[PDB]
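Report on the following structure.
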Amino acid sequence: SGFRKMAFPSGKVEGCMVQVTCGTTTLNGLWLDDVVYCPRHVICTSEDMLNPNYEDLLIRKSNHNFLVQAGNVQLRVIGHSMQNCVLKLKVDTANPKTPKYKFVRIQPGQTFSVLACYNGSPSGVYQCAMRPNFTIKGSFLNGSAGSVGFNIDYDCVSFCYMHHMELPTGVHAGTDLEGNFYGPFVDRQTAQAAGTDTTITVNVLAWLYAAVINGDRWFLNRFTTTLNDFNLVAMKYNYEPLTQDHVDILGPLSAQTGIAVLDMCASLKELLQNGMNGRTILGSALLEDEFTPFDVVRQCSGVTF
Amino acid sequence: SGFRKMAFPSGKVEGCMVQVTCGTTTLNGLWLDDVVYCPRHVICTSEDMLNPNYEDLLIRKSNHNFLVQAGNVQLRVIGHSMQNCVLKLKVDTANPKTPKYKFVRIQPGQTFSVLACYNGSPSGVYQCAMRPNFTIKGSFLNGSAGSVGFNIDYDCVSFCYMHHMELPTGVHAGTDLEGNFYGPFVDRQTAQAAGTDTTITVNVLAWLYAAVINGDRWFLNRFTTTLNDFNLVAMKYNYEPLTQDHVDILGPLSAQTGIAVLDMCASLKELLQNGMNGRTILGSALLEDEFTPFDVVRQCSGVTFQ
Amino acid sequence: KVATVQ
């Protein structure tokens with residue numbers, strides 16, 4: 001019993017974290033096989049950030065200008081190219097600790113674990129969610145660029161995020177491992193703004209199922225509802241439109257608990273209107289939405305890696 | 001910027017997790033050097049748990065009765081013995097992935113990272129605080145016993161908690177790594193229950209400073225108070241009492257923010273007596289109490305002007 | 001306020 005914001009075991013990723021230095025600027029890199037992935041603004045300085053011409057700035061760089069340190073062992077850079085907003089440093093040694101790994105681009109609403117690194121040394125791990133506006137409510141200080149986000153399946157690490165920037169509102173923006181930003185942001189120190197952020201409805205529903213699974217049940221009712229009678233209230237409280245796809249993805253949890261999706265939906269409707277009125281759910285007076293349906297099954301069934 | 005519950009990277013611990021099976025019971029063990037540590041009730045049957053006599057049950061077991069597995073590779077057990085509620089199984093191989101480590105016994109209010117495991121393989125990692133009633137509000141299922149809690153300072157792991165059992169309210173109990181339980185609990189099937197739980201005052205205060213550093217400052221009032229005064233008030237609200245060591249540990253946050261420890265204590269008063277009025281703090285409608293001051297200082301790196 | 005590359 002119990003339900004916590006659980007992050008993936010980070011052991012496989014820690015062995016891939018290296019440091020990447022370029023003049024005065026240090027950040028983090030990801031060492032997989034004989035390539036080190038890192039954000040391209042490592043070639044920038046603290047005065048080349050308003051509107052940096054990355055093409056030109058890279059031209060003036062050679063292999064030797066990239067200091068790549070795995071621990072205190074320097075890695076020889078034998079190549080370098082730029083793919084979107086990320087930099088690929090070809091090194092002469094394949095990482096012995098390379099895990100089984102893929103690159104994926106997640107969708108808004110999906111979650112992943114962030115391994116926050118500084119100077120190439122992992123310092124903390126936490127679970128985050130790709131918010132609908134394509135930002136993340138992370139915890140990042142200067143030097144955290146190159147920190148990666150990831151999921152695990154069996155023994156295959158799926159890297160889905162590399163950290164680049166902090167937006168003016170304190171939220172964070174980054175890329176997939178191909179260098180394509182999530183959302184419309186760019187790696188320049190300009191005034192960019194995140195769109196309006198909704199709540200991830202399908203994730204809150206999964207969270208309630210995890211509540212029921214754990215014995216929190218003051219919120220269930222006998223009333224049920226339709227999908228469209230529900231979305232009318234959803235679109236009223238800045239909630240994502242629930243689709244049949246979402247109802248389907250919640251199938252395995254409805255079956256496990258016995259509560260139909262639409263009944264738990266109605267329970268959410270009154271929680272949205274009347275509220276919690278003092279009582280908590282899984283230790284929270286707010287409706288958590290950073291748990292996917294698979295996030296609940298993994299935690300509640302003890303899936304291991 | 002941004003503030004998040006953060007666990008320590010679990011890699012150093014993952015390399016120490018193993019699986020220990022005795023008869024029909026399997027749980028997790030910690031493989032340090034040539035010793036595997038695990039909760040002693042692995043040697044118990046369901047019937048034994050009503051009133052277990054661990055000395056007797058252990059003497060009846062041979063080294064061969066303990067199957068210890070690092071993944072699928074079996075570790076030959078060459079000696080076994082008991083230290084309070086923990087079993088120590090000597091094996092023929094030292095763990096090549098043993099990190100620099102220490103066993104520490106932590107105090108209520110202090111936080112640590114739990115690597116929840118099943119069959120010696122990890123499921124996830126999260127951040128916990130020893131509650132004042134000597135329980136933890138974790139996420140544990142059958143087979144999770146033997147999972148450990150830890151902190152990482154430098155490259156040294158400070159093992160503080162090994163998991164044992166779940167109390168009837170859904171909270172969890174366990175021992176330090178020398179086998180001594182946290183709290184009044186024992187590892188037998190008896191009517192056991194955790195005491196009334198108090199709120200970790202020093203952690204809520206650190207959380208309030210954190211809220212200030214991140215922009216959220218509505219709750220800041222223009223009053224101050226004394227320590228003995230605030231303590232009497234926190235007592236009516238089942239808040240822990242604040243010691244002078246607590247005010248010293250909050251010093252760095254006080255100087256960083258310019259807000260005195262006793263001024264925040266007065267803000268905390270207004271919140272306890274009048275509530276939040278539908279207002280959030282760091283995206284929470286409750287006073288979080290599982291962030292230590294040290295946790296805040298690590299995620300908020302502000303300047304102290306002098 | 002402007003974005004900060006970290």
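Residues that are farther than 24 Å from residue B:36 by Cβ and of a type in the set (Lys, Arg) were ranked within the stretch B:1-23; the one that is nearest to the other protein chains (Cβ to nearest Cβ) is B:4. Yes or no: residue A:177 more than 10 Å from chain C (Cβ to nearest Cβ), crowded, with 21+ Cβ neighbours inside 10 Å and part of a helix (DSSP H, G or I)? Considered against the rule, which asks whether it is more than 10 Å from chain C (Cβ to nearest Cβ), crowded, with 21+ Cβ neighbours inside 10 Å and part of a helix (DSSP H, G or I), residue A:177 comes out as no.
Which residue is surrounded by the most Cβ atoms within 10 Å (Cβ to Cβ), if the candidates are limited to the stretch B:106-120 and must be part of a strand (DSSP E or B), of a type outside the set (A, V, I, L, M) and within 9 Å of chain A (Cβ to nearest Cβ)? Only one residue fits best here, namely B:117. Being of a type in the set (D, E, K, R) and in a loop (DSSP other than H, G, I, E, B) is the filter here; which residues of the stretch A:236-267 pass it? Scanning the stretch A:236-267 gives A:236, A:240. Using the structure shown, decide if residue B:123 is in contact with a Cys (Cβ under 8 Å, 6 or more places away or on another chain), within 12 Å of chain A (Cβ to nearest Cβ) and either surrounded by fewer than 22 Cβ atoms within 10 Å (Cβ to Cβ) or closer than 20 Å to residue B:87 by Cβ (or both). Criteria not met by residue B:123.
Residue-by-condition table, conditions (1) farther than 30 Å from residue A:54 by Cβ; (2) within 26 Å of the chain's Cα centre (by Cα); (3) among the charged types (D, E, K, R):
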| residue | (1), (2), (3) |
| --- | --- |
| A:195 | no, yes, no |
| A:209 | yes, yes, no |
| A:219 | yes, no, no |
| A:237 | yes, yes, no |
| A:260 | yes, no, no |
| A:263 | yes, no, yes |
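Could you please let me know if residue B:69 is more than 14 Å from chain A (Cβ to nearest Cβ) and more than 30 Å from residue A:142 (Cβ to Cβ)? No, not satisfied.
Considering only residues in the stretch A:146-167 that are within 12 Å of another protein chain (Cβ to nearest Cβ) and in contact with a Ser or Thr (Cβ under 8 Å, 6 or more places away or on another chain), the one that is surrounded by the most Cβ atoms within 10 Å (Cβ to Cβ) turns out to be A:164. For the stretch A:194-235, how many residues meet the condition of being assigned to a helix (DSSP H, G or I) and more than 14 Å from residue A:254 (Cα to Cα)? The total comes to 9. Of all residues in the stretch A:198-214, one or more are among the small types (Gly, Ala, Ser), touching a helix residue (DSSP H, G or I) at 6+ places or on another chain (Cβ under 6 Å) and within 11 Å of another protein chain (Cβ to nearest Cβ). Determine if the stretch B:235-250 includes at least one residue that is under 25 Å from residue A:278 (Cα atoms) and either within 14 Å of chain A (Cβ to nearest Cβ) or touching a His at 6+ places or on another chain (Cβ under 8 Å) (or both). No, the conditions are met nowhere in the stretch B:235-250.
Selection of the stretch B:24-58 for residues being of a type in the set (A, V, I, L, M) and either within 13 Å of another protein chain (Cβ to nearest Cβ) or not in a strand (DSSP E or B) (or both) yields B:27, B:42, B:43, B:49, B:50, B:57, B:58.
Residue-level check: of (1) more than 23 Å from residue A:199 (Cα to Cα); (2) surrounded by 24 or more Cβ atoms within 10 Å (Cβ to Cβ); (3) more than 12 Å from the chain's Cα centre (by Cα), residue A:140 misses just (1).
Scoring residue A:146 on the criteria (1) out of contact with any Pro (no Cβ under 6 Å at 6 or more places or on another chain); (2) of a type in the set (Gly, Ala, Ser); (3) touching a residue at least 60 places away in the same chain (Cβ under 8 Å); (4) closer than 24 Å to residue A:11 by Cα leaves a single failure, condition (1).
Anything in the stretch A:274-295 that is outside any loop (DSSP other than H, G, I, E, B) and more than 11 Å from every other protein chain (Cβ to nearest Cβ)? List them, or say none. Across the stretch A:274-295, the qualifying residues are A:281, A:293, A:294. Residue check: residue A:143 meets all listed conditions (1) under 24 Å from residue A:6 (Cβ atoms); (2) within 12 Å of another protein chain (Cβ to nearest Cβ); (3) part of a loop (DSSP other than H, G, I, E, B) but one, namely (1). Number of residues in the stretch A:12-68 that are under 27 Å from residue A:156 (Cβ atoms) and without any contact (Cβ under 8 Å) to a residue 60 or more places away in the chain: the value is 3. Out of B:71, B:143, one residue alone is on the phi > 0 side of the Ramachandran plot and touching a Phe, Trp or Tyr at 6+ places or on another chain (Cβ under 7 Å). It is B:143. Of all residues in the stretch A:229-246, those that are surrounded by 17 or more Cβ atoms within 10 Å (Cβ to Cβ) have Cβ atoms under 9 Å from Cβ atoms of residues that are among the basic types (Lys, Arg), 6 or more apart or on another chain, in A:230/A:269; A:233/A:269; A:234/A:269.
Among the residues that make up the stretch A:260-267, is at least one of them in contact with a strand residue (DSSP E or B) (Cβ under 9 Å, 6 or more places away or on another chain), β-branched (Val, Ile, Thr) and either surrounded by fewer than 18 Cβ atoms within 10 Å (Cβ to Cβ) or more than 12 Å from chain B (Cβ to nearest Cβ) (or both)? No; the residues of the stretch A:260-267 include none that is in contact with a strand residue (DSSP E or B) (Cβ under 9 Å, 6 or more places away or on another chain), β-branched (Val, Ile, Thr) and either surrounded by fewer than 18 Cβ atoms within 10 Å (Cβ to Cβ) or more than 12 Å from chain B (Cβ to nearest Cβ) (or both).
If only residues of the stretch B:1-54 that are among the small types (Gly, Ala, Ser) and surrounded by 20 or more Cβ atoms within 10 Å (Cβ to Cβ) are counted, the one that is farthest from the chain's Cα centre (by Cα) is B:1.
Readers should treat all values here as calculations from the given coordinates under stated rules, not as data from a laboratory. Reconstructed Cβ throughout: ideal geometry from the backbone, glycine too, with neighbour counts over all protein chains shown.
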